[PDB]
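Heads up: the structure comes next, in structure tokens.
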Amino acid sequence: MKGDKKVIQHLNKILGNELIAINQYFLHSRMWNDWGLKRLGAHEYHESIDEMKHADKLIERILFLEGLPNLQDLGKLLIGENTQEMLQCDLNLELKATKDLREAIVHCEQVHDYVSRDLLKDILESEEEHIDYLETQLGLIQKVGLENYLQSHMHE
Amino acid sequence: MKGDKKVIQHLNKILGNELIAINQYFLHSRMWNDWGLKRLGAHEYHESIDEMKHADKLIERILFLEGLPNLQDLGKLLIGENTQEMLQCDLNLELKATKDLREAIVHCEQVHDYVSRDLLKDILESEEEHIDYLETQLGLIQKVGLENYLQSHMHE
Amino acid sequence: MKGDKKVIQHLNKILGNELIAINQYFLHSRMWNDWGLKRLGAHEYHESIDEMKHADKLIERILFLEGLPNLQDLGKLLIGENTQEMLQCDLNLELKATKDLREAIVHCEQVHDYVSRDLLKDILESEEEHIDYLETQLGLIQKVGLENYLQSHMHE
Amino acid sequence: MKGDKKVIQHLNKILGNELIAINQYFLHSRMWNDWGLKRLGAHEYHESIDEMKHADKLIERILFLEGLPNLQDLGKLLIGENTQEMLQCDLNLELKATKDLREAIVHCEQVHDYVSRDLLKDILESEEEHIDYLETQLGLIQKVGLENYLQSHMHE
Amino acid sequence: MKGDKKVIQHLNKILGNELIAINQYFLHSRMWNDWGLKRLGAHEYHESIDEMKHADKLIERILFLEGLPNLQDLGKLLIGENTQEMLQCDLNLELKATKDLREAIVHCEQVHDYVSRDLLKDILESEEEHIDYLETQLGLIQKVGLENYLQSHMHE
Amino acid sequence: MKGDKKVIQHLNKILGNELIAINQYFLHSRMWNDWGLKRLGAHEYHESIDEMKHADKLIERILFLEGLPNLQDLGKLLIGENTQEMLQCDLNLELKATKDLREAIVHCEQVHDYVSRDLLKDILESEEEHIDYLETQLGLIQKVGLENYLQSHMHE
Amino acid sequence: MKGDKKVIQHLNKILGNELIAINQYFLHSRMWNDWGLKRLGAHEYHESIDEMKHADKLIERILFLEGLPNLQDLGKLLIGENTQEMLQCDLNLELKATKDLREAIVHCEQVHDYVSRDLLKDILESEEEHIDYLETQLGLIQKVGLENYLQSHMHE
């Protein structure tokens with residue numbers, strides 16, 4: 001079913017953001033596992049897989065709308081080098097992602113693509129849940145101290 | 001995540017309406033039970049619990065958006081003295097609640113807080129279901145007569 | 001069954017104290033959850049629910065005694081800004097609650113309302129259990145240190 | 001164990017009241033069954049059995065305290081001729097029973113027979129539950145009408 | 001169904017005998033339990049319950065026959081002071097009960113109330129079984145001696 | 001929670017009585033077992049354990065009330081030399097225990113420590129049950145003879 | 001079976017040591033529970049119960065040997081005011097207990113009471129296991145720090 005050109009462009013922009021996140025979260029997960037921080041490693045693995053699920057739905061919607069999913073352009077991964085930096089890098093990425101989701105929803109509404117809007121709203125709910133997790137972890141580091149925070153994430 | 005100040009004000013206004021409804025429905029429930037109208041008592045108890053679930057979601061959303069949930073201001077409970085009046089009191093409250101929900105959704109849409117809009121839409125769906133129940137009960141009183149209607153609500 | 005007017009006034013006073021505690025504990029629970037201190041959040045949620053159960057029994061007793069339960073007057077919530085303050089706010093509220101329960105029991109005994117006395121004694125047992133919990137938590141903060149205490153309350 | 005002579009007199013007075021109620025409730029139950037009001041008949045049967053359980057506990061306590069249980073004196077049964085009268089006769093008896101229970105509790109407290117007091121308090125709780133039931137039924141007759149009330153008590 | 005007036009008088013006389021036995025056996029049971037003769041206590045409790053079942057059937061029959069069951073007149077309880085006396089008191093009562101049952105059966109036969117006769121015959125069979133039990137216990141006291149007889153009735 | 005000094009003194013006095021009883025009953029149990037009176041030995045062991053449970057509750061209450069439990073002062077054990085004397089020694093101790101419980105309940109009532117009163121009432125119920133057991137055993141020795149009484153307590 | 005008088009005296013000395021330990025461990029358990037150090041409380045409770053089992057075996061052996069078990073003399077309880085002191089008080093007591101056990105075993109061997117020796121050796125093995133536990137806990141306080149050690153003993 002032929003979709004709106006600018007809707008497809010927005011969906012590809014969102015997809016691009018998801019693809020950055022998949023790789024950033026996967027690498028952060030394996031860094032945490034290598035360091036023995038297995039609870040963080042496991043949680044971050046699940047974040048990567050969740051982003052994969054959103055990317056899948058976007059690819060499927062773009063193809064239904066007769067557009068070309070762009071999996072070729074990979075933007076800048078924000079790779080941290082210690083736990084605090086990695087969490088902040090994930091948060092910086094998620095805040096860019098939600099800005100782009102809101103702009104995409106505005107356009108879907110304007111052109112009456114209510115099904116694409118609903119998909120993007122579901123993704124936005126997941127991304128806000130991730131922001132909640134990240135803000136909470138950064139706050140816990142302050143409240144319990146970094147050494148205790150890391151200790152609590154050694155064991156699954 | 002820093003929310004829109006006016007969104008947070010709207011969410012607190014909705015929360016205030018829920019808090020009235022929780023208490024009004026709980027008292028109505030226990031009045032019906034005291035009178036031996038246990039089917040009405042049980043249904044009204046479930047209505048109170050459902051309002052508690054909505055209030056919980058509003059409180060959680062307000063905190064996520066870095067606002068202060070207001071559980072201190074309790075507005076006017078509309079307490080009936082007999083079954084007909086109690087149902088009409090619940091209906092009067094629900095109609096004010098839906099007006100406020102619609103106004104809050106307008107504002108969430110305007111500032112692109114699509115997740116808050118979706119939460120409020122889910123609450124609005126529940127409130128419209130309650131309106132349907134109340135209108136139906138008031139109509140049944142007219143069709144079957146008050147004595148039969150009360151008889152049908154003695155036993156669970 | 002027509003109850004003693006002063007007993008009913010005392011039961012409404014107790015009920016008012018419970019209604020403050022329900023809302024104060026519910027808000028504290030959701031604050032702790034927002035901060036990632038989920039063990040505190042869960043325990044405080046259960047404290048709120050327990051207070052709801054006491055309020056229910058008081059409402060039921062008042063109605064049986066042919067009085068009017070007052071769910072309209074909500075007194076001052078004592079909301080802390082950090083864990084130490086929130087626990088102390090809960091403790092300050094519980095100490096006022098037990099003072100009022102003891103005075104109400106004295107009056108029930110004087111007028112031979114032994115069943116209302118038994119209800120209040122059961123509520124008082126629950127409130128003293130909550131005092132024990134609160135004093136214990138405040139003591140643990142001193143014994144293990146604040147950072148360790150909070151660490152031990154991150155995971156349920 | 002040698003009990004207080006006046007305590008034993010009070011326990012025998014309570015026992016006498018229970019023995020009236022056992023027989024009154026049993027006869028009312030069988031009258032309702034004969035008329036085909038089987039739900040009333042079953043509930044009233046259970047009321048008779050509950051009074052039997054209280055009488056047993058009183059007989060047991062009297063014997064432990066080295067007194068003579070009096071099962072010989074049977075006071076006046078209050079037998080109605082229709083459902084409304086039967087319910088009111090039960091209520092009239094229950095209100096005499098609670099007056100005597102409260103006076104017995106006062107005396108037990110004054111002579112430090114705290115175990116006898118606790119037994120009497122439990123019986124008083126059961127008698128107040130019966131009062132609630134009876135007041136509720138009389139109220140339902142007014143709210144739903146006699147014909148509907150009786151209809152609702154034909155089948156168990 | 002309108003019964004014979006004299007049949008109903010006979011049924012009320014039998015019922016009166018049963019009501020004596022219920023209370024006499026119940027008191028004897030609780031006396032034996034107080035003394036630690038729990039096997040006698042349990043057996044005598046079951047005798048009381050069985051008499052209650054006969055009384056129920058008599059009450060039900062009287063009401064079907066459009067008479068008024070008399071639960072108000074309680075005759076003389078025969079209460080013993082030791083095991084031998086208590087068994088003999090029960091036997092003395094049962095022998096009066098069977099005389100009255102036989103006279104009632106004669107009258108039922110004469111007026112062709114064959115269903116009332118059959119009820120009374122079933123009650124008479126139960127009362128003769130009780131006579132057998134009582135005569136047997138009294139004989140055992142002679143054969144094994146009182147101390148052994150009581151020893152054998154300590155434990156259930 | 002800071003308790004009343006005299007309440008704590010009373011609870012420590014009760015505790016002291018329990019500690020005597022624990023040891024007296026345990027020794028009596030093991031004497032009966034050594035003599036092959038295993039039913040008495042087992043029953044008396046269970047009495048010792050039940051007293052331990054009461055002592056635990058008193059210790060816990062004293063600590064909650066910010067007092068010092070006294071497990072150091074052990075009063076005079078009343079040890080019999082044969083079954084009759086041992087049972088009477090237990091009864092002599094239980095009668096002093098109930099006097100102290102009643103006096104402690106009075107004081108708890110007067111300072112409004114209704115939760116401590118309820119604990120003591122529960123202990124008093126257990127002590128009166130023990131008195132019933134002991135009086136019953138002494139009476140059975142009279143009724144069945146000492147040799148039969150002991151015979152009946154050889155096998156569990 | 002007539003035992004050696006000095007063996008019996010040694011067994012009563014051991015028994016006296018056990019009786020101190022039972023009470024000291026029980027009080028320490030309940031102190032740790034009141035402070036919210038429930039893992040220490042539970043472990044120390046089990047230490048008290050285990051000492052009770054040893055005391056029982058000593059009492060049984062003394063009676064078999066035709067001696068009089070002494071449960072009347074209670075020696076000095078060593079009660080700490082904080083966790084470090086309580087552990088050291090338990091250790092001080094256990095070291096005295098093992099000294100007395102060794103002297104008792106010597107005498108049992110000298111008079112050929114090999115069964116009493118075997119009982120005492122089993123008790124000694126249990127006491128050395130307790131010493132191992134206590135020395136280990138005191139070492140852990142040094143290795144992990146007091147605050148972490150207490151944190152690790154909050155939850156069971």
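Just remember, in the structure tokens the first chain shown is A, the second B, etc., residues are 1-based per chain, and ligands are 1-based in the order shown.
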task = Would you give me, as JSON, numbers by chain, the residues of chain G that come within 12 Å of chain F, using only C-alpha atoms?
result = {"G": [1, 19, 20, 21, 22, 23, 24, 25, 26, 27, 28, 29, 30, 31, 32, 33, 34, 35, 36, 41, 45, 49, 52, 53, 55, 56, 57, 58, 59, 60, 61, 62, 63, 64, 65, 66, 67, 68, 69, 70, 71, 72, 73, 74, 75, 76, 77, 78, 79, 80, 81]}
Save out the residues we just selected, N, CA and C atoms, as a short mmCIF file (atom, residue, chain, number, x, y, z; two decimals), in the first residue's frame.
```cif
data_model
loop_
_atom_site.label_atom_id
_atom_site.label_comp_id
_atom_site.auth_asym_id
_atom_site.auth_seq_id
_atom_site.Cartn_x
_atom_site.Cartn_y
_atom_site.Cartn_z
N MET G 1 20.92 -47.96 86.63
CA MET G 1 22.27 -48.60 86.76
C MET G 1 23.12 -47.66 87.60
N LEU G 19 23.24 -25.10 80.45
CA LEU G 19 22.11 -24.27 80.84
C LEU G 19 22.45 -22.79 80.71
N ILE G 20 23.67 -22.38 81.05
CA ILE G 20 24.08 -20.99 80.83
C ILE G 20 24.00 -20.66 79.34
N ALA G 21 24.58 -21.53 78.51
CA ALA G 21 24.67 -21.28 77.08
C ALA G 21 23.29 -21.18 76.44
N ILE G 22 22.37 -22.07 76.83
CA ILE G 22 21.01 -22.02 76.29
C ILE G 22 20.43 -20.61 76.45
N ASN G 23 20.48 -20.09 77.68
CA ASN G 23 19.86 -18.79 77.96
C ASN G 23 20.62 -17.65 77.30
N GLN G 24 21.95 -17.68 77.35
CA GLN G 24 22.75 -16.63 76.74
C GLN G 24 22.51 -16.56 75.23
N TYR G 25 22.53 -17.71 74.56
CA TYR G 25 22.28 -17.75 73.12
C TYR G 25 20.85 -17.33 72.80
N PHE G 26 19.88 -17.76 73.60
CA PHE G 26 18.51 -17.36 73.32
C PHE G 26 18.34 -15.85 73.42
N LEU G 27 18.87 -15.24 74.48
CA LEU G 27 18.77 -13.79 74.61
C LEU G 27 19.51 -13.07 73.48
N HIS G 28 20.73 -13.51 73.16
CA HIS G 28 21.45 -12.88 72.06
C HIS G 28 20.65 -13.00 70.75
N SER G 29 20.02 -14.16 70.49
CA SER G 29 19.20 -14.32 69.30
C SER G 29 18.11 -13.27 69.22
N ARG G 30 17.37 -13.10 70.32
CA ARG G 30 16.25 -12.18 70.34
C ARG G 30 16.71 -10.73 70.30
N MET G 31 17.89 -10.42 70.86
CA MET G 31 18.45 -9.08 70.68
C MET G 31 18.75 -8.80 69.21
N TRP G 32 19.43 -9.75 68.54
CA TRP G 32 19.71 -9.54 67.13
C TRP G 32 18.44 -9.42 66.30
N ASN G 33 17.41 -10.21 66.60
CA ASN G 33 16.14 -10.06 65.87
C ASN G 33 15.53 -8.68 66.08
N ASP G 34 15.53 -8.18 67.33
CA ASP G 34 14.96 -6.87 67.62
C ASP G 34 15.68 -5.76 66.86
N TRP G 35 16.98 -5.91 66.64
CA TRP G 35 17.76 -4.93 65.88
C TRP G 35 17.65 -5.11 64.37
N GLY G 36 16.94 -6.12 63.88
CA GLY G 36 16.82 -6.34 62.45
C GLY G 36 17.96 -7.11 61.82
N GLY G 41 20.20 -13.53 64.27
CA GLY G 41 19.19 -14.02 65.19
C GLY G 41 18.82 -15.46 64.95
N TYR G 45 19.59 -18.60 67.44
CA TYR G 45 18.50 -19.45 67.90
C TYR G 45 18.85 -20.92 67.73
N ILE G 49 19.00 -24.00 70.56
CA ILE G 49 18.29 -25.28 70.44
C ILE G 49 19.27 -26.44 70.51
N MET G 52 20.21 -27.10 73.94
CA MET G 52 19.12 -27.81 74.61
C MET G 52 19.18 -29.31 74.36
N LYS G 53 19.51 -29.72 73.14
CA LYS G 53 19.58 -31.14 72.84
C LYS G 53 20.68 -31.82 73.64
N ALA G 55 21.82 -30.74 76.61
CA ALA G 55 21.34 -30.78 77.98
C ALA G 55 20.38 -31.95 78.20
N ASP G 56 19.48 -32.18 77.25
CA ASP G 56 18.55 -33.31 77.38
C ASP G 56 19.32 -34.62 77.51
N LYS G 57 20.32 -34.84 76.67
CA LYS G 57 21.06 -36.10 76.74
C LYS G 57 21.80 -36.25 78.07
N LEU G 58 22.33 -35.16 78.62
CA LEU G 58 22.97 -35.21 79.92
C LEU G 58 21.98 -35.56 81.02
N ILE G 59 20.82 -34.90 81.02
CA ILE G 59 19.77 -35.19 82.01
C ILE G 59 19.38 -36.67 81.94
N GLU G 60 19.16 -37.18 80.72
CA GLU G 60 18.77 -38.57 80.54
C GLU G 60 19.85 -39.52 81.06
N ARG G 61 21.12 -39.19 80.80
CA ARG G 61 22.21 -40.06 81.25
C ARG G 61 22.33 -40.03 82.77
N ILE G 62 22.20 -38.85 83.37
CA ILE G 62 22.29 -38.74 84.83
C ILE G 62 21.20 -39.60 85.49
N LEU G 63 19.96 -39.51 84.99
CA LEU G 63 18.87 -40.32 85.56
C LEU G 63 19.13 -41.81 85.37
N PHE G 64 19.62 -42.20 84.20
CA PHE G 64 19.93 -43.62 83.99
C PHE G 64 20.94 -44.10 85.03
N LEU G 65 21.95 -43.29 85.31
CA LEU G 65 22.99 -43.60 86.29
C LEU G 65 22.54 -43.39 87.74
N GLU G 66 21.25 -43.10 87.96
CA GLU G 66 20.65 -42.98 89.29
C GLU G 66 21.15 -41.76 90.06
N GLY G 67 21.50 -40.69 89.35
CA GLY G 67 21.80 -39.41 89.95
C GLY G 67 20.64 -38.43 89.81
N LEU G 68 20.82 -37.27 90.43
CA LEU G 68 19.83 -36.21 90.44
C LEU G 68 20.28 -35.09 89.51
N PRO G 69 19.64 -34.89 88.36
CA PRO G 69 20.05 -33.78 87.50
C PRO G 69 19.78 -32.45 88.19
N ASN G 70 20.75 -31.54 88.09
CA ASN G 70 20.68 -30.22 88.70
C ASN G 70 20.34 -29.19 87.62
N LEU G 71 19.06 -28.81 87.55
CA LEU G 71 18.63 -27.71 86.70
C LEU G 71 18.41 -26.43 87.50
N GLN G 72 18.80 -26.41 88.76
CA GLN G 72 18.48 -25.31 89.66
C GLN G 72 19.55 -24.23 89.69
N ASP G 73 20.81 -24.66 89.65
CA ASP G 73 21.93 -23.74 89.69
C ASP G 73 22.13 -23.21 88.29
N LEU G 74 21.94 -21.93 88.13
CA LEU G 74 22.30 -21.25 86.89
C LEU G 74 23.44 -20.26 87.13
N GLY G 75 24.53 -20.46 86.40
CA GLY G 75 25.69 -19.61 86.50
C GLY G 75 25.54 -18.34 85.68
N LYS G 76 26.64 -17.58 85.61
CA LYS G 76 26.60 -16.22 85.09
C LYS G 76 26.47 -16.20 83.57
N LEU G 77 25.40 -15.56 83.08
CA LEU G 77 25.26 -15.30 81.65
C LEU G 77 26.19 -14.16 81.24
N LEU G 78 26.86 -14.33 80.10
CA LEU G 78 27.76 -13.31 79.54
C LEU G 78 27.02 -12.62 78.39
N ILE G 79 26.45 -11.45 78.66
CA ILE G 79 25.55 -10.78 77.72
C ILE G 79 26.28 -9.58 77.14
N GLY G 80 26.41 -9.54 75.83
CA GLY G 80 27.03 -8.39 75.20
C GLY G 80 26.05 -7.24 74.98
N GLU G 81 26.60 -6.06 74.64
CA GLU G 81 25.77 -4.91 74.29
C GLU G 81 25.80 -4.56 72.81
#
```
key: Residues near range 130-146 of chain C, cut-off 8 Å, only C-alpha atoms, skip fewer than 4 positions along chain, as a list in words   = residues 144 of chain A; 47, 84, 87, 88, 90, 91, 94, 95, 126 and 150 of chain C; 1 and 64 of chain F; 34, 35, 36, 146, 147, 148, 150 and 151 of chain G
What would the file look like if the residues just selected were written as a short mmCIF file (atom, residue, chain, number, x, y, z; two decimals), in the first residue's frame with C-alpha atoms?
```cif
data_model
loop_
_atom_site.label_atom_id
_atom_site.label_comp_id
_atom_site.auth_asym_id
_atom_site.auth_seq_id
_atom_site.Cartn_x
_atom_site.Cartn_y
_atom_site.Cartn_z
CA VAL A 144 24.44 4.12 47.43
CA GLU C 47 1.84 -0.87 54.80
CA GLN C 84 15.68 8.94 56.52
CA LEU C 87 10.82 6.78 57.71
CA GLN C 88 10.79 9.35 60.52
CA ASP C 90 5.91 7.52 59.09
CA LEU C 91 7.06 7.00 62.71
CA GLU C 94 2.22 6.14 63.93
CA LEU C 95 2.97 7.58 67.38
CA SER C 126 -0.85 -3.78 63.81
CA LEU C 150 19.94 1.83 50.78
CA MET F 1 9.13 1.87 71.65
CA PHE F 64 10.47 -4.14 71.84
CA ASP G 34 14.96 -6.87 67.62
CA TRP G 35 17.76 -4.93 65.88
CA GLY G 36 16.82 -6.34 62.45
CA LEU G 146 31.75 -4.05 60.72
CA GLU G 147 29.19 -2.21 58.58
CA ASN G 148 29.33 -4.76 55.74
CA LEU G 150 26.14 -6.37 59.83
CA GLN G 151 24.60 -5.60 56.42
#
```
request  = Mind checking which residues fall within 8 Å of residue 104 in chain D, counting only C-alpha atoms, ignoring those fewer than 5 positions away in the same chain, and posting them as a ChimeraX atom specification?
outcome  = /D:7,10-11,117,120
Output the selection as a PDB file, in the first residue's frame - C-alpha atoms for each residue.
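Output below, filename again-v2.pdb:
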```pdb
ATOM      1  CA  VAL D   7     -19.007 -15.056  88.005  1.00  0.00           C
ATOM      2  CA  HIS D  10     -23.452 -14.649  85.580  1.00  0.00           C
ATOM      3  CA  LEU D  11     -22.283 -17.539  83.398  1.00  0.00           C
ATOM      4  CA  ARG D 117     -14.277 -12.167  80.229  1.00  0.00           C
ATOM      5  CA  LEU D 120     -18.005 -13.664  77.025  1.00  0.00           C
TER       6      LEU D 120
END
```
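The two atoms in question, CA of residue 98 in chain G and CA of residue 5 in chain G, are spaced 21.3 Å apart.
Residues in contact range of residue 39 in chain C, defined as at most 6 Å between only C-alpha atoms, with sequence neighbours fewer than 3 positions away removed, read residues 42, 153, 154, 155 and 156 of chain C.
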Just write the chosen residues, N, CA and C atoms, as an mmCIF file, in the first residue's frame.
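So again.cif came out as:
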```cif
data_model
loop_
_atom_site.group_PDB
_atom_site.id
_atom_site.type_symbol
_atom_site.label_atom_id
_atom_site.label_comp_id
_atom_site.auth_asym_id
_atom_site.auth_seq_id
_atom_site.Cartn_x
_atom_site.Cartn_y
_atom_site.Cartn_z
ATOM 1 N N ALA C 42 8.103 -1.738 47.923
ATOM 2 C CA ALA C 42 7.165 -2.845 48.110
ATOM 3 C C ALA C 42 6.681 -2.931 49.553
ATOM 4 N N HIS C 153 18.179 -2.237 50.000
ATOM 5 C CA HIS C 153 16.774 -2.007 49.672
ATOM 6 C C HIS C 153 16.542 -1.699 48.198
ATOM 7 N N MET C 154 17.547 -1.923 47.342
ATOM 8 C CA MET C 154 17.371 -1.722 45.909
ATOM 9 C C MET C 154 16.531 -2.832 45.294
ATOM 10 N N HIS C 155 16.861 -4.082 45.606
ATOM 11 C CA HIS C 155 16.242 -5.245 44.978
ATOM 12 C C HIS C 155 15.230 -5.866 45.930
ATOM 13 N N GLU C 156 14.075 -6.238 45.390
ATOM 14 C CA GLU C 156 13.033 -6.870 46.193
ATOM 15 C C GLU C 156 13.463 -8.247 46.699
#
```
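Using only C-alpha atoms, the protein and nucleic acid residues lying no more than 8 Å from residue 121 in chain F, apart from those fewer than 5 places from it along its own chain, are residues 114 and 115 of chain D; 101 and 105 of chain F.
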Hey, can you spit out that residue selection with N, CA, C and O atoms as a JSON list (two decimals), in the first residue's frame?
```json
[["chain", "number", "residue", "atom", "x", "y", "z"],
["D", 114, "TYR", "N", -10.19, -12.90, 83.85],
["D", 114, "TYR", "CA", -9.95, -12.39, 82.50],
["D", 114, "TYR", "C", -10.24, -13.45, 81.44],
["D", 114, "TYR", "O", -10.60, -13.10, 80.31],
["D", 115, "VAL", "N", -10.12, -14.73, 81.79],
["D", 115, "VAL", "CA", -10.43, -15.79, 80.83],
["D", 115, "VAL", "C", -11.94, -15.89, 80.62],
["D", 115, "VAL", "O", -12.41, -15.99, 79.47],
["F", 101, "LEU", "N", 0.10, -13.29, 86.86],
["F", 101, "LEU", "CA", -0.47, -12.85, 85.60],
["F", 101, "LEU", "C", -1.61, -11.87, 85.81],
["F", 101, "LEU", "O", -1.72, -10.88, 85.09],
["F", 105, "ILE", "N", -1.78, -8.01, 84.45],
["F", 105, "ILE", "CA", -2.83, -7.53, 83.57],
["F", 105, "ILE", "C", -3.45, -6.25, 84.11],
["F", 105, "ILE", "O", -3.72, -5.30, 83.36]]
```
task = List every residue of chain C that DSSP, applied to the backbone of this structure, places in helix (DSSP H, G or I), and write the result as a ChimeraX atom specification.
result = /C:5-34,38-64,83-110,114-144,146-151
